[PDB]
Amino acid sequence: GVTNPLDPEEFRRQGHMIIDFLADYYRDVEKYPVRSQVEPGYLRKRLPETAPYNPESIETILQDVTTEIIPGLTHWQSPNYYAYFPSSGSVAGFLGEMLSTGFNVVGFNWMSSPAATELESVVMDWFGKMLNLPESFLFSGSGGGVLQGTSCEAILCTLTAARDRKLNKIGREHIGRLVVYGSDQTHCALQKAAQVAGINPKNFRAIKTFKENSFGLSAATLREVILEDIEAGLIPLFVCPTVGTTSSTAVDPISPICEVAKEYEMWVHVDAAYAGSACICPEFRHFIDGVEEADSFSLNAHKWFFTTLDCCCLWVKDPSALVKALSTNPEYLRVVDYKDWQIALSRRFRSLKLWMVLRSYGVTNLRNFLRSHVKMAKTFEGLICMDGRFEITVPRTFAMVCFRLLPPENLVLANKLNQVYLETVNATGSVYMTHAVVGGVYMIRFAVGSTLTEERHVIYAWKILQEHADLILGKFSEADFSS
């Protein structure tokens, strides 16, 4: 009569069906245009306006996924996807999420599933030791790590913990004097966290960075701004140095910044959402030097660690600061209770993803995975440098190369040349790159991180960039870009 929506045999049959559907997708993803070519509003036209009253077959639904959903996808998993930062995935990460979705437990507390809490603390110590984090960040020592969804939520929680730590000493009425510090390259997640956490919009600082420092935040500039804020009656609270900025993969020097922060009793959060995973490699560990003097450190394992979206790894020195700000149990009372470390109460079993990746691939293969991305980007950088019509705009640090086509007021023309040039390349659907404007310079970003990407795809992307460079420069007139 009525089949249970979780019937084991129907789960088995349809599950095998979708596995085959997805394996075919990874096999054929290259045939699709990378950036979706549908028009806004395409899907509402093709779909009914109301839910169906009677059930539809999984066979019919899967066909609609092929005809209606897949065209409206920008294929982050395409090997020719080089936009933004990678949606780094893997078989192991996918299986860990499906085991998490299969068990479907709610990690509201330890008792709700003890493994969903204890496995998280183990793998965060695993990951932290591979990162060579100090014992002050590990359960092994005096710290701790927590898995979250995104970096914005992680930054939000460390910010409220920093806010509550200061306001509980000086009074809640001073919230309108707290200043949050970033660079003009810091990701929009910091400003959003400050807006949600009640920081005054006029008290967010995006400190100017300079080409002479490759747009990394100078501690000398940070101290100048703090003294200005202190003279204006404000209270410096929070600074967020970034390793691997999203625009140009700039790197803020953590140790000089923390030195300035301790003088003014400021919380330091190190944002390494993308590049942090590379410090698993000994030759890249120097990029987070000085993290031992910071209060919190975060990276997105879904960006450059194969887990699949989403898995944010947050290490803190003082988890009590998170609990004091995020727990709802009375202030006096304020086993691990992870819900008091983050926003989400109905936590997902995210540690399975990280556990699967670490076990299925091991430290050695994971290092070489990240190294292969960096090496393919180093090759792309070498190909650019051998073509005198191009220019590397900032030093490459982690697997992303920023470059621009040069023209054969001059900056505005060059910027327009690269916007048109990039746009014709993306319009082919053969590859996908995004851009950034750093120091007034419109530059193209080539971020090699898609798991399916091999050297032949990077070389193929170089061929298309060269062919389109031949096209635009061959018929170049500066009046065509002087508008």
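Numbering starts at 1 and follows the sequence shown.
Using the PDB record, quantify the missing residues of the deposited sequence between residue 171 and residue 172 as none, 1 to 3, 4 to 9, or 10 or more.
Unmodelled stretch: none, continuous chain.
I'd like to know the size of any gap between residue 334 and residue 335, counted in deposited residues with no coordinates: none, 1 to 3, 4 to 9, or 10 or more.
Gap between residue 334 and residue 335: 4 to 9 residues without coordinates.
May I ask you to compare 257 to 265 and 364 to 372 by their mean CA B factor in the entry and name the higher one?
Averaged over C-alpha atoms, the B-factors run higher in 257 to 265.
If you average the CA temperature factors as listed in the entry, which stretch comes out higher, 286 to 294 or 269 to 277?
It is 286 to 294 that shows the higher mean C-alpha B-factor.
In this PDB entry, which of 197, 92, 225, 401 has the top CA B-factor?
So the option with the highest C-alpha B-factor is 225.
According to the Cα B-factor stored in this entry, which of the following is highest: 102, 72, 241, 330?
Comparing C-alpha B-factors across 102, 72, 241, 330, the top value belongs to 330.
Of the three thirds of its chain by CA temperature factor, lowest, middle or highest, which one includes residue 181?
It belongs to the lowest third of the chain when residues are ordered by C-alpha B-factor.
Can you tell me whether residue 32 has a C-alpha B-factor in the lowest, middle or highest third compared with the other modelled residues of the same chain?
Ranked within chain, residue 32 CA B lands in the middle tercile.
Ordered by C-alpha B-factor within the chain, which third holds residue 192? Give me lowest, middle or highest, please.
It falls in the bottom third of the chain.
Taking the entry's C-alpha B-factors for this chain, is residue 60 in the lowest, middle or highest third?
CA B-factor rank for residue 60: highest third.
Place residue 51 in the lowest, middle or highest third of its chain's C-alpha B-factors, as listed in the PDB entry.
Within its chain, residue 51 is a middle-third residue by C-alpha B-factor, going by the deposited values.
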